[PDB]
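A.B. asks: Take this structure, written in structure tokens, and hold onto it; I'll ask about it next.
There are 2 protein chains.
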Amino acid sequence: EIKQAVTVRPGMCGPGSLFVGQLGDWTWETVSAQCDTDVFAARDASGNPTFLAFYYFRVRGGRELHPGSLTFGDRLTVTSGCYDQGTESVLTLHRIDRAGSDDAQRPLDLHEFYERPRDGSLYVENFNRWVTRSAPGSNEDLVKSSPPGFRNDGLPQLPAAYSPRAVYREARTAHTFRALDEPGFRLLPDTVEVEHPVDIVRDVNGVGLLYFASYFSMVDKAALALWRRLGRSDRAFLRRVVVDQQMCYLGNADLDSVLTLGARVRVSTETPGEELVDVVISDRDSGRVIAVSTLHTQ
Amino acid sequence: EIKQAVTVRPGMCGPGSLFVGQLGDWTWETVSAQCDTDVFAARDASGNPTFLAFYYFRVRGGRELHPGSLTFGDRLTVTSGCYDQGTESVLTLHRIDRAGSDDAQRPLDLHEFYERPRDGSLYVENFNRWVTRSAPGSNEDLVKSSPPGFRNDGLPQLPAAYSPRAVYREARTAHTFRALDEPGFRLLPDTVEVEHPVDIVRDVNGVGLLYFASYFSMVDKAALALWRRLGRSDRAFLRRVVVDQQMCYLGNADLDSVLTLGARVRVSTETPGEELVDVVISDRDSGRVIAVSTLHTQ
Ligand SMILES: [Cl-]
Ligand SMILES: [Cl-]
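Line by line, the protein sequences are chains A and A'. A prime marks a further copy of an entry chain. So the first sequence is numbered by PDB author numbering: it starts at 12 and just counts up by one. So the second sequence is numbered by PDB author numbering: it starts at 12 and just counts up by one.
Below, the structure is given as structure tokens:
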């Protein structure tokens, strides 16, 4: 496992997608270190660039520590490592604690991540799958790969129960990561449906796909539209606390697409100001759901 | 001076502002290392957070190497160091070469940066000034500072001719970094003027100011509007080569501002497809020009 001391920089915090962007770069580094392949320059046998695409992404914090807690110069301890998911994919976990936290030097513990998460630590799960394009300049119909050098044989095992697959399968079906039958919540009747042309000035990565962190900005763009429709103020929006968020990346899209962003919310009937917001990103033209996200806020 | 081996990551390339975002984080690190102060957590004697704000920013490359050249997994060598600009500000330079480039291990050379820049290296100049807010939650009327611990006494001297001040003074007056009387260019008659409400989902940093790299996205948003008005295609826009770009940050803005982005272009009468594009960002409500940028493209 990889432990690092991190002081929070402008390029990894704030109300945008910079933190999630840093998290994914750490993911690519941690896999490179544990899987004997340079993930950044990865190509298949043929010479085709192969990308370790984000597929399932979770960030879980709490009141004591969440992404909105991080400010310039915060001292953090980050512990990272991969878990075996076979030859075509890999799960990467990252734990973040405030430096000099009680027990901050803890090693990665699957039981802690999946069943006993502590208020005051941030837990990150990135389930990634190697992909290539099926055709130059197309971002649709990407094809599963495994770069020749990729080695999952050194990695620790994950037990069947902690499988990200069961998690994301259920989310693609239900369009939420939190079952509608969860007790202690009531749906609100206002929803929103926003058109979003791909933003080529902002949304595009260095290999001409939609950048994984842009999905989090698109999701927040929908949350904002629904926030506003509820009457609420730009100001209180920036005060929103996100204690948990899950994202499934079902597809990418060509750079001329017009996407649709739909959002709904359930309000706690147990705690005031606790809310579960569901966002679905569709590419209506290809009949594809390309993303689903649930956000647990306060 | 600080030399690093860098492999290009998703979080520092592409047609957005991720490269400039990485450049500024390197700036804050390099000053922290050469000036005996933790720039990330900097505060004045009073306890007030003090920010090493970007004020003048230049990225100069060329055909052989420019920001659009960088792709995932590119091996680079980066050399960084600061130069004395007194007690309230500091100039940071970064040179970027392809790793195993001829002479890539070169030390920083002011003569090379300012008068003999080589095709095949990227030269970055960041002139930064320490500032604090004048009032909580206000992004206007920021006030000059120097964190108690800041030390410029170890740093190398810059000769009067290489002064970023003369450069940026002239740009605030002329609204371009390339004098209108430059021979070998003809102005085009199409210009554009776009309204841009501050984007709170994207544009905001972890201390609630407009993030310095967002200015580059706002500038590109104006370049795009003018690009399109010239008839041109989203596709050719992504093929634009930027061989040089300068930015002056005259102010910040409150998070409810509606900004105006104006753009014009001069076409080479010496080379086809060589163009100089000028963008001015105004906050009409406060009567303030907050940014000016010139881009030399191909
Ligand atoms: Cl990406
Ligand atoms: Cl900033």
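Don't be surprised by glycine CBs; every beta carbon is placed ideally from N, CA and C.
(1) Suppose you measure from the CA of A:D296 to the CA of A:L153; what does that come to, to the nearest Å?
(2) Can you tell which of A:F196, A:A110 and A:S132 has the C-alpha that lies nearest to the C-alpha of A:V278?
(3) What's the gap between the Cα of A':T98 and the Cα of A:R246?
(4) Sorted by chain position, which residues of the same chain lie with C-beta nearer than 6 Å to A':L133's C-beta, five sequence neighbours on each side aside?
(5) Please output, in chain order, the residues near ligand 2 using a CB cut-off of less than 6 Å to any non-hydrogen atom of the ligand.
(6) Kindly indicate which three-state DSSP category A:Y134 falls into: helix, strand or coil?
(7) Which of the three DSSP states, helix, strand or coil, is assigned to A':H105?
(8) Please say whether A':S157 and A':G131 have beta carbons closer to each other than 8 Å?
(9) Would you call A:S57 buried or exposed, if buried means 16 or more other Cβ atoms sit within 10 Å of its Cβ?
(10) By the criterion of Cβ-Cβ separation under 7 Å, what are the contact partners of A:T48 in chain A'?
(11) Would the beta-carbon of A:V135 fall within 8 Å of that of A:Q256?
(12) Using a Cβ distance threshold of 8 Å, determine whether the region 264-273 of chain A contacts the region 272-289 of chain A', with at least three qualifying pairs required.
(13) To the nearest angstrom, report how far apart A:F138 and A':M258 are at their CA atoms.
(14) Across the region 203-211 of chain A and the region 225-245 of chain A, are there enough close Cβ pairs to call them in contact, namely three or more that are closer than 8 Å?
(15) Looking at A':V89: is its Cβ nearer than 8 Å to the Cβ of A':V42?
(16) Tell me which residues share the same chain as A':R144 and place their Cβ nearer than 7 Å to its Cβ, disregarding the 5 neighbours each side in the sequence.
(17) What does the alpha-carbon distance come out to for the pair residue 9 of chain A' and A:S174?
(18) Report the rounded CA-to-CA distance for A':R74 versus A:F124, giving the unit in angstroms.
(19) With a Cβ-Cβ cutoff of 8 Å, do A':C24 and A':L81 count as a contact?
(20) Which partner residues of A:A16 appear in the DSSP bridge assignment?
(21) Checking contacts by CB at 8 Å: is A':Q33 closer than that to chain A?
(22) Closer than 8 Å by beta-carbon distance: list the chain A' residues that pair up with A:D245, in chain order.
(23) Anyone know if the C-beta pair for A':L169 and A':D95 falls short of 8 Å?
(24) Taking Cβ-Cβ distances below 7 Å as the criterion, which residues of the region 72-92 of chain A' are in contact with chain A?
(25) Note down the Cα distance separating A:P60 from A:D49, rounded to an integer number of angstroms.
(26) Between A:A302 and A:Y179, how many whole angstroms is the CB-CB distance? I'm expecting something under 8 Å.
(27) Assuming A:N216 and A':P21 form a contact by the criterion Cβ under 8 Å, report the distance between their Cβ atoms to the nearest whole angstrom.
(28) What is the DSSP secondary structure of A:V215, counted as helix, strand or coil?
(29) Consider the Cβ of A':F248: report whether some Cβ of chain A lies at a distance smaller than 8 Å.
(30) Please classify A:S228 as buried or exposed, where buried requires at least 16 other C-beta atoms within 10 Å of its C-beta.
(31) For A':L272, which residues of its own chain have a beta-carbon under 7 Å away from its beta-carbon, when the five flanking residues on both sides are left out?
(32) Which of helix, strand or coil does DSSP assign to A':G165?
(33) Between which two residues does the beta strand (DSSP E) harbouring A':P208 extend?
(34) Report all residues from its chain with a CB closer than 8 Å to the CB of A':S100; omit the five preceding and five following residues, and keep chain order.
(35) What residues in its chain sit with their C-beta under 6 Å from that of A':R240, if we drop five residues either side in the sequence?
(36) Listing by chain order, which chain A' residues have their CB less than 7 Å from the CB of A:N216?
C.D. replies: In brief:
(1) In the first sequence, residue 296 of chain A corresponds to position 285, counting from 1. In the first sequence, residue 153 of chain A corresponds to position 142, counting from 1. Going by the C-alpha atoms only, they are around 17 Å apart.
(2) Here residue 278 of chain A refers to the residue found at position 267 when the first sequence is read from its first residue. Ranking A:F196, A:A110 and A:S132 by Cα distance to A:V278 puts A:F196 first.
(3) Locating residue 98 of chain A' in the second sequence gives position 87, where the first residue counts as 1. Locating residue 246 of chain A in the first sequence gives position 235, where the first residue counts as 1. CA-to-CA, the gap between A':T98 and A:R246 works out to about 36 Å.
(4) Sequence index remark: in the second sequence, residue 133 of chain A' carries index 122 (1-based). So the qualifying residues of the chain are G72, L76 and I107.
(5) Those residues are A:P21, A':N216, A':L220, A':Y222 and A':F223, given in chain order.
(6) For the purposes of this step, residue 134 of chain A is taken as the residue at position 123 of the first sequence. Secondary structure at A:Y134: strand, using DSSP grouped into helix, strand and coil.
(7) Numbered from 1 along the second sequence, position 94 holds the residue referred to as residue 105 of chain A'. Residue state, collapsed to three classes: strand.
(8) The count along the second sequence starts at 1 and reaches residue 131 of chain A' at position 120. The count along the second sequence starts at 1 and reaches residue 157 of chain A' at position 146. In this structure, A':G131 lies away from A':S157, with their beta-carbon atoms at least 8 Å apart.
(9) Within the first sequence, the letter at position 46 stands for residue 57 of chain A. So A:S57 ends up on the exposed side.
(10) As a first step, residue 48 of chain A is located in the first sequence; it is residue number 37 there, counting from the start. For a Cβ distance threshold of 7 Å, nothing in chain A' lies close to A:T48: the least Cβ distance comes to about 11 Å.
(11) Against the first sequence, residue 135 of chain A aligns to sequence position 124. Against the first sequence, residue 256 of chain A aligns to sequence position 245. Going by C-beta atoms, A:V135 is not nearer than 8 Å to A:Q256.
(12) Touching, no.
(13) The count along the first sequence starts at 1 and reaches residue 138 of chain A at position 127. The count along the second sequence starts at 1 and reaches residue 258 of chain A' at position 247. Near 39 Å, if we compare the C-alpha coordinates of A':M258 and A:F138.
(14) Cβ pair count under 8 Å is three or more, so yes.
(15) Numbered from 1 along the second sequence, position 78 holds the residue referred to as residue 89 of chain A'. Numbered from 1 along the second sequence, position 31 holds the residue referred to as residue 42 of chain A'. It is not a contact, given that the beta carbons lie outside the stated cut-off.
(16) If you number the second sequence from 1, residue 144 of chain A' lands on position 133. Taken in chain order, the residues that qualify are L153.
(17) Chain A' is shown from 12 up to 309; residue 9 of chain A' falls before or after that span and cannot be answered.
(18) By 1-based counting over the second sequence, the position of residue 74 of chain A' is 63. By 1-based counting over the first sequence, the position of residue 124 of chain A is 113. Looking at the two C-alpha atoms, the distance is approximately 48 Å.
(19) Within the second sequence, residue 24 of chain A' is the residue found at index 13, counting from 1. Within the second sequence, residue 81 of chain A' is the residue found at index 70, counting from 1. A contact, by the Cβ cut-off of 8 Å.
(20) Position 5 of the first sequence holds residue 16 of chain A. Secondary-structure assignment with DSSP links A:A16 through a beta bridge to A:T88.
(21) For this step, residue 33 of chain A' is matched to residue 22 along the second sequence. Yes, because at least one Cβ of chain A sits closer than 8 Å to the Cβ of A':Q33.
(22) Position 234 of the first sequence holds residue 245 of chain A. Here the neighbours are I211, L266 and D267.
(23) Position 158 of the second sequence, counted from the first residue, corresponds to residue 169 of chain A'. Position 84 of the second sequence, counted from the first residue, corresponds to residue 95 of chain A'. It is a contact, given that the beta carbons lie within the stated cut-off.
(24) Along the region 72-92 of chain A', going in chain order, the ones with a CB nearer than 7 Å to a CB of chain A are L81, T82, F83 and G84.
(25) Counted from its first residue, the first sequence places residue 60 of chain A at position 49. Counted from its first residue, the first sequence places residue 49 of chain A at position 38. Their backbone Cα atoms lie some 12 Å apart in a straight line.
(26) The sequence position of residue 302 of chain A within the first sequence is 291, counting from 1. The sequence position of residue 179 of chain A within the first sequence is 168, counting from 1. So it is not a contact: roughly 11 Å between Cβ atoms.
(27) Along the first sequence, read from residue 1 onward, the residue named residue 216 of chain A stands at position 205. Along the second sequence, read from residue 1 onward, the residue named residue 21 of chain A' stands at position 10. With a Cβ gap of about 5 Å, A:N216 and A':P21 count as contacting.
(28) Taking the first sequence and counting its residues from 1, the one referred to as residue 215 of chain A is at position 204. The answer is strand: DSSP assigns A:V215 an E or B state.
(29) As a first step, residue 248 of chain A' must be located in the second sequence, where it is residue number 237. A':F248 counts as touching chain A.
(30) Taking the first sequence and counting its residues from 1, one reaches residue 228 of chain A at position 217. With 16 or more other Cβ atoms within 10 Å, it is buried.
(31) Stepping through the second sequence from its first residue, residue 272 of chain A' is reached at position 261. Here the set comprises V205, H207, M229, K232, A233, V290 and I292.
(32) Counting from one through the second sequence, the residue named residue 165 of chain A' turns up at place 154. Under the three-state reduction of DSSP, A':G165 is assigned to coil, being neither helix nor strand.
(33) Sequence index remark: in the second sequence, residue 208 of chain A' carries index 197 (1-based). For A':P208, the enclosing beta strand (DSSP E) starts and ends at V203 to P208.
(34) Position 89 of the second sequence, counted from the start, is the residue given in the question as residue 100 of chain A'. Excluding residues within five positions, the ones whose Cβ falls inside 8 Å are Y66, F138, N139, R140 and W141.
(35) As a working mapping, residue 240 of chain A' is identified with position 229 in the second sequence. Listed in chain order, the non-local C-beta contacts of A':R240 below 6 Å within the same chain comprise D201 and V203, local neighbours out to five positions each way being set aside.
(36) The residue you call residue 216 of chain A lines up with position 205 of the first sequence. By Cβ distance, chain A' contributes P21 and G25.
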